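Each of the two blocks below gives one form of the same protein chain as C-alpha cells; they are labelled structure 1 and structure 2.
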Structure 1
C-alpha cells in the first residue's frame, strides 16, 4: 500500500486579462525550485512564445501570449486557459540508500479575453444575476457581458461549491440565494440576495 493526500486552498482568483485586439500580452514565469526545469506552455486560437524553454533555479522569463486573430465575439468576454508544465563520488550508505523523488507540475491560470468595446466592470453587474431551480439543480443566469466569478454562494442558508457564470449565459449547480463575486482587487465584493 502507498497512498498520498494533498491539503491546501486556492486563495482568491488569478487571471490574465487579454485585451481583444492587442498585438499581445507578456506574462512572467518564475521557477522557484533551486534546480533547472524545462518549461512547456500550451493554451486551451492563441499562441505562446517560446512554446518550450529551459529555466534555471530561481530565474524567471516572460511569455508572449498573442491571438491568431480569428473571429472573437465582440458582445462579451471569452475564456481560454494558459497551462504551463514544468518538467525536470565515494559510495556512502547514509546518503545513497533510500527513497528519492521527482515531480512534474502542470499549472493553469484563466486567460480572460476582454473586448475593448465592453462597458464597465463585473462589479457593476453583480446584482443582476437571477436564479431559478430545475431538474434538481440550482441554475444561475448571467445577462452580463462579463464572467461572474462567484466567491461566496449560499442557498437556503447552506453554502454551495462556487463556479464562474459565463456572460450572456447560464450555469447549473448541484444540491433564497446569496452570493459575492470576486473584485479586481482579488477581494470579495458585496453580498446580494434573491428568490425563485
Structure 2
C-alpha cells in the first residue's frame, strides 16, 4: 500500500499585524524525499504575505522551517483577517495507476496589536437563533471564533469558523453547545445557551 504524510508544526498561525515574520516548521514524515510547495490563499481560497522558500526539497524523515513574511499590505485594525497557508508534499485489461499528494492547509490569522485579549476570553459571547431553516451563530468579538465542536439538541453539527463581528449559518431543539479552538490548536472549554 502507498503512504503519504505532511506535518505542519502548528495548526494555525497567529500573525501579528506588521510583524517582520514568523517561522513554522514542516515535517516530511515519509520514507521518501519530497518537494514542499507552500502557498498563501485569500479567505475564499482564491490564489502580501510571502513564504520562503516557496519550493524546496525535504529528505525522508526530515524537518525544516518556512518563514512567513508580511511585505506591505493594508488590513483592518478592528478585527482579525484570515488567510490560508497550504503546504503540499510532492512525491517523486485496464490497469490503474494513481499517485497522490497531500496538501495540508492551516489558518493564517492576521491579528492587529490593537485587539485586546484572545478568542478564549470571548468564546462564551456567541449567540444563536434559528432562521431560514438554519442554525445561525452571531460573533460580536473581533476574533475568528474557530468552532471545533458544535452540538444542537444533542446532534452533531460539522464545525465552521464564525467571522469577527459577523454571522455564520449552519445546516440542520433549544440548547446549543460549542467549543472553540484556542490559539495553540487545543479544544477549549464547553459553553451552552438556548437559541433565542
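Residue numbers count along the first chain shown, from 1. Between two forms, the rigid core is defined as the largest C-alpha subset superposing within 1.5 Å.
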Residue 116: with the rigid core matched between structure 1 and structure 2, does its Cα shift 2 Å or more? no
Hey, does residue 56 budge by 2 Å or more at the Cα between structure 1 and structure 2 once the core is superposed? no
Once everything's superposed on the core, is residue 17 shifted 2 Å or more at the Cα between structure 1 and structure 2? no
Fitting the two forms on their rigid core, what distance in Å separates the Cα positions of residue 26 between structure 1 and structure 2? 0.3
Upon rigid core superposition, what is the positional shift of the Cα of residue 157 between structure 1 and structure 2, expressed in Å to one decimal? 4.3
